[PDB]
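Asks: Could you have a look at this structure, given as structure tokens, before my questions?
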Amino acid sequence: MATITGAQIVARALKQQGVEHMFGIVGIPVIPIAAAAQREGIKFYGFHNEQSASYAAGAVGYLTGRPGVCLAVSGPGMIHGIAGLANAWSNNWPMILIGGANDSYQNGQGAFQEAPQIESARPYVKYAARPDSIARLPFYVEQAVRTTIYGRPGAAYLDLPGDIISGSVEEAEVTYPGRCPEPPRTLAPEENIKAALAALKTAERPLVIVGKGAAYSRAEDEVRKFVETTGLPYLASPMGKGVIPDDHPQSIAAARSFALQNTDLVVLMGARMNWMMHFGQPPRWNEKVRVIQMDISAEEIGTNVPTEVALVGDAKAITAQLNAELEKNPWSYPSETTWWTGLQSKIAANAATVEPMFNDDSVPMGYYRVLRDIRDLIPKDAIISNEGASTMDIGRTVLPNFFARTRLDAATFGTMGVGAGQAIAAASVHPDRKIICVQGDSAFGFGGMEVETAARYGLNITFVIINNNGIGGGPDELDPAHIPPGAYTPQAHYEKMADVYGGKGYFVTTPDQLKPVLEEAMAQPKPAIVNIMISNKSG
Amino acid sequence: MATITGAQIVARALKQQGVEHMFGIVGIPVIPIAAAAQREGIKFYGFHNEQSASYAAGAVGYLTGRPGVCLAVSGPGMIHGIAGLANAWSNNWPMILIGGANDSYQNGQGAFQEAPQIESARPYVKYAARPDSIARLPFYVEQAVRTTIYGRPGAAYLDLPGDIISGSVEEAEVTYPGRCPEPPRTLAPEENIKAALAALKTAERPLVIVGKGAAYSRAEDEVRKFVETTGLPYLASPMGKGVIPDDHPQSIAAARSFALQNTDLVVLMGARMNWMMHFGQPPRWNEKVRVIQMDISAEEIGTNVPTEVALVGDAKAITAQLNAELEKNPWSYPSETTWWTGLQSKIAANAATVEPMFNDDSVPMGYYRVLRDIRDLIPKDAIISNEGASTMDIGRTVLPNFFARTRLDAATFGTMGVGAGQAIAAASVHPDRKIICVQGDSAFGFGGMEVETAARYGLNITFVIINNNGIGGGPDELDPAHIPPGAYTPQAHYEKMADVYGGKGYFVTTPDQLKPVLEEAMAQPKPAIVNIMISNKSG
Amino acid sequence: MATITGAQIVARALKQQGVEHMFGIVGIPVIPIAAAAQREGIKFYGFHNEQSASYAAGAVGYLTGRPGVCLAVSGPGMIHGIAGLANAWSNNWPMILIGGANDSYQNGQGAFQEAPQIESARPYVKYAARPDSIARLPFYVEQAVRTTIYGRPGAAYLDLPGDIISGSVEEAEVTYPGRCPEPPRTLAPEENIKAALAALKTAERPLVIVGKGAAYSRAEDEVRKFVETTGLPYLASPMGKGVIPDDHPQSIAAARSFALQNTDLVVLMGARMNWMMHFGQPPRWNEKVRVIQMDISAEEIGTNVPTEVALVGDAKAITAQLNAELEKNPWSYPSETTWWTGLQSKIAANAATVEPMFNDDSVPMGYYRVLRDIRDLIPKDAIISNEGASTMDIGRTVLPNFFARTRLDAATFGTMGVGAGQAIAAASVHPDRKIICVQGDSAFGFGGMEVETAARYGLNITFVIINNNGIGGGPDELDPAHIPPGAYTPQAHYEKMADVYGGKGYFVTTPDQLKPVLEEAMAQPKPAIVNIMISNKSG
Ligand SMILES: Nc1ncnc2c1ncn2[C@@H]1O[C@H](COP(=O)(O)OP(=O)(O)O)[C@@H](O)[C@H]1O
Ligand SMILES: Nc1ncnc2c1ncn2[C@@H]1O[C@H](COP(=O)(O)OP(=O)(O)O)[C@@H](O)[C@H]1O
Ligand SMILES: Nc1ncnc2c1ncn2[C@@H]1O[C@H](COP(=O)(O)OP(=O)(O)O)[C@@H](O)[C@H]1O
Ligand SMILES: Cc1ncc(C[n+]2csc(CCOP(=O)(O)OP(=O)(O)O)c2C)c(N)n1
Ligand SMILES: Cc1ncc(C[n+]2csc(CCOP(=O)(O)OP(=O)(O)O)c2C)c(N)n1
Ligand SMILES: Cc1ncc(C[n+]2csc(CCOP(=O)(O)OP(=O)(O)O)c2C)c(N)n1
Ligand SMILES: [Cl-]
Ligand SMILES: [Cl-]
Ligand SMILES: [Cl-]
Ligand SMILES: [Cl-]
Ligand SMILES: [Mg+2]
Ligand SMILES: [Mg+2]
Ligand SMILES: [Mg+2]
């Protein structure tokens with residue numbers, strides 16, 4: 001009778017549960033898993049460090065609604081992968097770390113790479129399991145996948161001893177669960193839907209905030225209809241950008257600080273009152289601000305600031321409830337108020353502030369001058385990976401998104417080291433699209449070796465480094481006796497790393513080079529690296 | 001009156017406790033800690049990834065007997081550094097990870113990089129503390145330091161909320177403990193000393209195993225005297241190499257398998273019966289092997305295999321006891337026995353096997369041909385960082401050490417990613433010496449960016465890459481449809497990364513290039529990278 | 001061929017490793033373990049609550065130097081037993097908690113009493129393991145036992161899934177390790193021994209502190225010799241009482257506060273500078289006290305106060321080193337010093353203060369009057385379980401111990417709930433001796449049901465209750481509208497609980513009852529309960 005190994009069972013089960021992308025580094029005892037994954041049609045990418053690979057797995061979860069898988073060897077391989085668990089935990093992204101473990105009959109002997117891996121994953125996962133036996137592996141795979149995507153999404157860890165992977169059972173002894181179905185999109189009570197709309201009608205300065213929860217829910221159509229029907233001003237969080245196109249006339253992103261400080265009623269659509277929103281507290285918010293909060297996690301309701309109307313459930317379903325109730329009882333915010341006037345004035349004052357910076361041609365160059373030529377060459381449906389400090393914060397302001405889930409950045413954990421991994425994930429999920437990775441020089445160095453990974457798999461990524469010689473800048477000449485802790489080699493020629501795989505690297509210092517270099521670099525058949533020097537005083 | 005910040009208190013206490021080397025990446029909230037560490041005379045190295053920096057910290061502990069410090073930001077910074085905690089835990093090396101945390105008065109709010117950092121470090125540390133107040137910081141620093149180096153050495157984690165770092169107290173409020181003394185060197189009972197020597201006199205095929213615990217104990221003088229007085233055959237573990245010079249006539253390294261399989265009594269001097277020694281069990285050991293075990297950890301005694309004589313205490317002190325008892329009652333193993341004859345015959349047969357490989361000039365080249373020329377140009381007091389699979393395992397055989405603590409490799413955890421970090425740690429500890437980094441191509445990619453860190457600090461490191469196109473080898477041409485999980489870009493020109501910082505990169509394919517290229521590379525004032533292609537069949 | 005279950009294997013291995021006492025409560029799946037333990041000759045005691053049972057296991061470890069075993073069912077049974085693990089952790093006593101677990105093939109299903117038991121035990125154990133297979137069970141038992149008694153003693157947890165317990169293997173597949181030997185008694189370097197005695201000679205006001213680590217080391221004969229040879233004053237910690245007989249002329253126990261405040265050099269013999277010693281800090285100690293510290297734990301050296309001479313190793317062996325060096329170089333503290341004269345003055349005042357209270361016959365009675373008659377009737381070799389607040393702290397003062405390891409109290413963790421369990425442990429280890437349990441009324445209530453356990457097994461235990469109607473005293477009359485949080489029913493007749501098992505209960509309120517009742521109760525063939533009312537203003 002026919003037999004099958006644990007590795008093959010895991011690969012077949014993962015494929016059945018909708019897993020399509022796997023990132024990691026092979027080695028004892030997970031070599032057969034990557035091989036069986038390739039034969040099952042799962043796309044496997046061999047990275048240079050599991051850290052970057054584990055970040056890629058979480059980004060796949062955000063982009064597709066099914067967990068990406070990070071495959072790691074026992075011990076230090078799994079521990080490197082904890083970075084991606086924690087990032088997925090922080091952003092509530094579906095993600096599975098699969099870590100090898102030493103053979104179970106060697107526990108307690110000081111086996112090769114013996115480590116407490118379950119306990120190391122526990123703080124950051126919704127689910128951690130070591131399968132008891134080979135025949136029950138599909139049980140744990142299905143339960144892990146379902147746990148990552150049902151409820152508030154998050155991370156799972158599977159601990160596979162080497163003898164579970166390499167052992168075999170009779171195929172007739174293995175039961176496979178059906179593919180985990182899409183999670184149920186739960187709805188708010190009818191009274192909360194009505195109380196939320198009634199509350200909006202009493203507000204003098206209302207504001208909608210569209211966060212990456214709305215983007216993960218795939219709610220862009222419902223959100224856009226809700227914002228347009230109500231005529232409400234809206235603000236997109238960094239990764240909420242593009243749920244509504246960033247050029248929409250009701251966006252007040254250029255008046256963000258004014259809007260947050262003066263709004264009296266905010267509608268949080270899949271966004272938390274966490275550090276990114278200044279906890280919804282003074283001085284950045286008004287002391288008496290009223291909150292309508294839409295979130296799949298009931299425990300998030302009322303964090304930091306009380307919530308007047310709680311809308312617990314799926315953002316797509318709940319926003320459809322609001323649009324349906326607005327169909328029965330139409331209402332819109334007026335086009336001319338003192339609120340719109342003040343918002344429109346601040347937007348105009350901001351345009352006056354940034355225009356001299358956008359057209360500043362002095363050398364060394366500023367952020368705005370460089371991001372202007374980058375922005376004007378990105379395809380409209382390209383996916384942008386944007387990572388750094390000022391590179392990423394100004395990048396958020398200058399680089400628009402016109403579709404949902406097309407910006408990947410440092411997100412809630414503020415992580416450096418996600419840039420190349422998230423770009424590789426985006427390229428894997430969207431093979432037909434252009435991927436633009438825009439990183440600060442420090443951010444680039446966290447996962448720089450993965451440019452070769454992008455070349456090896458033929459990924460349509462272009463790497464742009466905005467280089468000010470360090471973390472928020474570094475001197476033009478290093479004094480060997482006093483190297484600042486956050487400085488790097490002045491004018492480090494990172495673009496030379498393209499020569500590792502036969503790609504093209506460009507070194508840019510003057511504004512006249514920007515457009516012809518960025519154009520020729522984006523048309524390259526291999527990933528190009530564009531290294532753009534900027535002033536260490538720019539900001 | 002005069003005041004002082006938490007960051008300055010921590011830097012001063014660390015310096016008082018004998019900390020000399022700090023590796024990490026700055027950012028909120030640890031920016032002032034690196035600044036104050038430099039003002040106290042602590043050498044701070046800004047890395048490209050905290051993963052590599054945390055590995056450097058553990059290597060410093062091994063090399064110096066005082067913990068190296070890894071400095072990481074809150075959240076993902078600290079989580080990246082968990083790699084170093086686990087490596088230090090695996091090797092019992094003294095090491096401190098200092099992790100920033102969010103301001104304490106923002107706990108529970110979703111603060112920037114809020115994370116359960118103590119619980120993340122817990123599985124791998126002997127000590128984890130969040131200092132309760134600024135004034136007590138020196139209490140925690142001394143307790144952390146003392147705990148890493150007393151008893152079985154291990155890792156510590158210090159959790160520093162931003163307001164503990166940035167807040168101030170009056171200088172007269174702070175008490176600084178004295179410098180933590182050297183740990184007391186404990187002795188074995190005198191009857192155990194006599195029983196051990198008595199047991200040795202009954203053995204027909206005795207063997208000494210010199211492990212890195214003897215190296216860490218700084219026991220080289222007593223261990224060499226003990227082996228020479230007794231005339232016993234000895235086997236050095238990978239990082240035990242050099243405790244006795246590797247050209248010593250009593251080394252049976254080239255007959256290792258024969259020695260372990262047939263010995264009837266082994267003396268473990270700071271070495272574990274773990275996976276490296278195949279658990280001391282059949283078939284690689286004899287079923288009835290008798291064990292004299294010398295370890296500072298009483299709990300380690302009798303793991304896997306029963307121990308006949310337990311010598312619990314410090315290796316230097318216990319070996320001095322053995323030498324003093326041999327001085328009162330002399331004894332030595334006879335220089336002509338059938339045991340010696342078999343060992344000598346196996347060593348000679350091994351020399352006949354490897355001589356053709358050492359002199360094989362065929363292209364693409366093999367490991368032995370390449371390592372032969374590396375070996376002959378390495379200074380005798382150089383420090384070797386050797387990392388990979390066959391690159392490291394063959395490197396252990398071919399590259400000799402003549403002094404203790406001059407080899408750093410993947411060690412007990414089998415970690416890829418330590419190579420450059422441990423090389424940088426070695427250069428920091430021994431600035432007067434040449435550091436040779438010999439890695440496989442895959443190993444090099446785990447932290448290849450750190451070659452720029454080596455250049456930025458002017459470290460005397462030469463990076464040698466032994467490149468077979470992947471993990472255990474990769475094909476000469478990649479099939480875009482079928483990319484092997486462990487392959488990299490064929491003939492990837494990693495030496496081009498030397499151009500990032502203005503160094504010299506060399507690409508070697510034939511034996512005639514080896515000697516002049518390695519000679520010119522080692523004499524470079526900046527770190528050179530030598531990329532050496534070998535066959536993917538070799539190993 | 002002959003087969004054997006996992007339960008029978010575990011019972012056989014525990015017996016081979018020196019385990020002689022098992023306490024717990026049976027149920028799925030540990031029922032076969034208790035039965036097999038009885039057939040092996042292990043004494044099994046069925047308690048009424050795993051909490052009390054787990055406290056008995058730790059006490060067995062302290063008394064015998066081999067771990068007592070607590071046997072608990074899966075889930076809440078094991079969780080109840082964590083109390084004992086934490087107490088053993090706090091006191092560094094060897095103990096094993098053996099917890100059942102649900103069948104491994106039901107993991108993830110919501111099985112009966114499925115719970116994360118290893119992670120629940122982790123913070124308090126030196127060792128936690130789920131055996132991977134039935135045939136390797138003896139490996140884990142020996143490793144667990146060895147880990148509890150080697151090094152600094154502590155607790156271990158064995159997680160046993162029901163299918164490991166109930167399954168069977170062929171006896172020829174099971175290898176049993178040899179009995180774990182007594183750990184080696186490690187020595188301090190000879191220069192530290194000389195340094196300690198040399199520092200002793202420079203002291204103006206030297207003091208010896210004898211802790212329960214010296215008692216656990218079985219070092220009483222060496223400690224008594226050292227103290228008598230040097231003529232030094234000594235203080236016995238609560239459970240260090242009896243190491244030297246409490247009526248020894250050199251005891252300064254009655255001048256404890258004066259001695260700690262004025263000593264300029266203390267010899268700590270198995271005793272910590274923890275909360276019990278007020279951290280060795282002012283105002284209770286002198287700011288400049290010098291410390292000679294003798295402890296098996298290197299990490300304990302130098303906690304809170306610097307240590308001038310560290311003596312790391314076994315108390316018995318190291319004290320014998322001190323006595324041997326005092327034989328080569330005799331020294332003794334002079335008579336007629338102001339130190340001894342000041343101490344004897346303080347001792348005489350204390351004796352004069354308490355003698356009125358010893359003879360005060362007023363009703364309600366006081367602590368000293370009651371404990372005077374208890375003291376005058378306890379056999380010299382009896383074992384005293386003394387628990388509560390004032391009942392225990394004054395009991396420490398009034399009830400002397402003449403042999404080592406004859407006082408069990410709340411110890412380092414200050415735990416209520418240990419009294420009856422530790423009395424049952426003591427009766428199990430020393431069946432030939434009288435056990436006296438002297439508890440406060442609140443302390444008695446924690447484990448009161450276990451008086452039936454003592455009667456069921458014919459244990460020679462007398463239960464004395466000192467009753468002041470609550471935690472540190474409650475009112476004479478309870479108003480139902482305002483019941484104090486720490487008060488109990490006034491004059492609660494706990495002695496009526498002897499009638500549950502057909503024993504004798506006594507209720508005592510006047511001094512003329514004390515002697516007749518106590519004499520009658522101690523001669524009972526079943527455990528008697530003496531409920532002694534005392535004033536709530538006493539103490
Ligand atoms: N399907 C869904 N429907 C509604 N809310 C969701 C859904 N999935 C996740 N969320 C919530 O969206 C929120 C996203 O918040 P956050 O990550 O802070 O967004 P941003 O960073 O864009 O402000 C999380 O609190 C999460 O619980
Ligand atoms: N000062 C010391 N004296 C004696 N033994 C020590 C000392 N420090 C550490 N050790 C022990 O040395 C052992 C080294 O074992 P291991 O790392 O397996 O060596 P190797 O890998 O070289 O065989 C550890 O068990 C550790 O407890
Ligand atoms: N065999 C031994 N020899 C010496 N010290 C020991 C031994 N076993 C345990 N100890 C130590 O004895 C100390 C007991 O301290 P503690 O419990 O505070 O005593 P006490 O409460 O009586 O003051 C612990 O620090 C422990 O490490
Ligand atoms: C894992 C991790 N380590 C460190 C940090 C701290 N940090 C925040 S931004 C940054 C780099 C900023 O420099 P760069 O990417 O060059 O951007 P710039 O601001 O100079 O444009 C670092 C190290 C972090 N957020 N995450
Ligand atoms: C953190 C970590 N990830 C993965 C592995 C698995 N592993 C062991 S050796 C190795 C690299 C082997 O390739 P290379 O360095 O080129 O050496 P070669 O054997 O080809 O000479 C890898 C990835 C590991 N040990 N540690
Ligand atoms: C597990 C636990 N719960 C609670 C306490 C708090 N506590 C300390 S002493 C004590 C009892 C005091 O009353 P009693 O035993 O009657 O003694 P008395 O002082 O009245 O003589 C209690 C509950 C504790 N130490 N441990
Ligand atoms: Cl979260
Ligand atoms: Cl040197
Ligand atoms: Cl403790
Ligand atoms: Cl005391
Ligand atoms: Mg920068
Ligand atoms: Mg290779
Ligand atoms: Mg009471």
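Convention: chains lettered A, B, ... in structure tokens order; per-chain residue numbering from 1; ligands numbered from 1 as shown.
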Any idea which chain A residues end up within 7 Å of chain B if we count only C-alpha atoms, as a count of residues only please?
Replies: 44
Asks: Considering only C-alpha atoms, return as a VMD selection string whatever protein or nucleic-acid residues lie within 8 Å of segment 436-440 of chain A, sequence-local ones (same chain, fewer than 5 positions apart) excluded.
Replies: chain A and resid 378 382 to 392 419 to 420 423 461 to 468
Asks: If I take atom CA of residue 181 of chain C and atom CA of residue 220 of chain C, how far is one from the other in Å, to one decimal?
Replies: 21.6 Å
Asks: Compute the set of protein, DNA and RNA residues whose minimum atom distance to ligand 10 is at most 8 Å, using only C-alpha atoms and all ligand atoms, and state it as number ranges by chain.
Replies: C: 235-238, 256, 276-277
Asks: Now that the selection is made, can you save its residues with C-alpha atoms as a CSV table (one decimal), in the first residue's frame?
Replies:
chain,number,residue,atom,x,y,z
C,235,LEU,CA,22.5,33.2,65.0
C,236,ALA,CA,20.3,30.4,63.7
C,237,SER,CA,17.8,31.3,61.1
C,238,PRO,CA,14.2,29.9,61.7
C,256,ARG,CA,19.1,39.0,67.2
C,276,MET,CA,14.5,37.6,56.2
C,277,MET,CA,17.9,39.2,56.8
Asks: List every residue of segment 191-434 of chain B that DSSP, applied to the backbone, labels as alpha helix (DSSP H), and write the result as a VMD selection string.
Replies: chain B and resid 191 to 201 212 to 216 220 to 230 256 to 262 315 to 328 338 to 358 367 to 377 390 to 398 419 to 429
Asks: Fewer than 3 positions away in the same chain doesn't count, so skip those; otherwise give me all residues within 8 Å of residue 32 of chain A, counting only C-alpha atoms, as an NGL selection string.
Replies: :A and (7-8 or 29 or 35-36 or 165-166)
Asks: Keeping only N, CA and C atoms, write the selected residues as a short mmCIF file (atom, residue, chain, number, x, y, z; two decimals), in the first residue's frame.
Replies:
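Result written to part.cif:
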data_model
loop_
_atom_site.label_atom_id
_atom_site.label_comp_id
_atom_site.auth_asym_id
_atom_site.auth_seq_id
_atom_site.Cartn_x
_atom_site.Cartn_y
_atom_site.Cartn_z
N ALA A 7 6.40 15.49 5.60
CA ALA A 7 6.65 16.64 4.75
C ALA A 7 5.62 16.74 3.64
N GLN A 8 5.36 15.63 2.96
CA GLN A 8 4.41 15.64 1.86
C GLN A 8 2.99 15.91 2.34
N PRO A 29 15.62 20.22 9.72
CA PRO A 29 15.01 19.06 9.06
C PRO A 29 13.91 19.43 8.07
N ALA A 35 10.80 21.05 -0.71
CA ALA A 35 10.71 20.26 -1.93
C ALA A 35 9.28 19.81 -2.20
N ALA A 36 8.59 19.32 -1.16
CA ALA A 36 7.20 18.91 -1.35
C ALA A 36 6.29 20.10 -1.63
N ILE A 165 8.55 14.98 10.23
CA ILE A 165 8.73 15.39 8.85
C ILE A 165 9.14 14.21 7.98
N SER A 166 10.13 13.44 8.44
CA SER A 166 10.75 12.41 7.62
C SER A 166 10.09 11.05 7.76
#
Asks: Neighbours of ligand 3 within 8 Å, counting only C-alpha atoms and all ligand atoms, as a ChimeraX atom specification?
Replies: /C:90-92,151-153,185,210-214,216-218,236-240,269-274,276-277,294-297,300,312-316,411-412
Asks: Could you write out that same residue set with C-alpha atoms as a CSV table (one decimal), in the first residue's frame?
Replies:
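Generated file (again-v2.csv):
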chain,number,residue,atom,x,y,z
C,90,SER,CA,11.6,29.7,46.7
C,91,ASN,CA,13.4,27.5,49.2
C,92,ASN,CA,15.6,25.6,46.7
C,151,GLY,CA,23.7,22.1,41.8
C,152,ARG,CA,21.3,24.4,43.6
C,153,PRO,CA,18.4,22.1,44.5
C,185,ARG,CA,30.5,18.2,47.6
C,210,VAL,CA,23.6,29.3,60.4
C,211,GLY,CA,20.9,28.9,57.7
C,212,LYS,CA,18.8,26.0,56.4
C,213,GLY,CA,21.3,25.5,53.6
C,214,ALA,CA,23.7,24.2,56.2
C,216,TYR,CA,20.2,20.7,54.0
C,217,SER,CA,23.9,20.0,53.5
C,218,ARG,CA,23.8,17.8,56.6
C,236,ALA,CA,20.3,30.4,63.7
C,237,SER,CA,17.8,31.3,61.1
C,238,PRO,CA,14.2,29.9,61.7
C,239,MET,CA,14.9,26.6,59.9
C,240,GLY,CA,18.6,26.6,60.8
C,269,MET,CA,26.6,29.6,56.3
C,270,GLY,CA,23.9,28.6,53.8
C,271,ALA,CA,21.8,31.7,54.4
C,272,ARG,CA,20.7,34.4,52.0
C,273,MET,CA,20.8,38.2,52.5
C,274,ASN,CA,17.2,38.2,51.4
C,276,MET,CA,14.5,37.6,56.2
C,277,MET,CA,17.9,39.2,56.8
C,294,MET,CA,29.2,30.2,52.0
C,295,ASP,CA,26.7,29.0,49.4
C,296,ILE,CA,26.4,26.4,46.8
C,297,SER,CA,25.0,28.9,44.3
C,300,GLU,CA,23.8,34.2,45.1
C,312,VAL,CA,31.2,28.7,46.8
C,313,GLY,CA,30.5,25.0,47.3
C,314,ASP,CA,29.0,22.6,49.7
C,315,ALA,CA,28.5,23.8,53.2
C,316,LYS,CA,29.6,20.5,54.8
C,411,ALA,CA,10.1,29.3,55.1
C,412,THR,CA,11.3,31.8,52.4
Asks: For segment 283-292 of chain C, work out the shell of residues within 12 Å, counting only C-alpha atoms and skipping chain neighbours fewer than 5 positions away, then give it as a ChimeraX atom specification.
Replies: /C:192-200,202-209,256-273,275-278,301-312
Asks: Using DSSP on the backbone, list every residue of segment 359-539 of chain C that comes out as strand (DSSP E or B), and give them as a ChimeraX atom specification.
Replies: /C:365,383-387,407-408,435-440,461-467,470,487,505-508,529-534
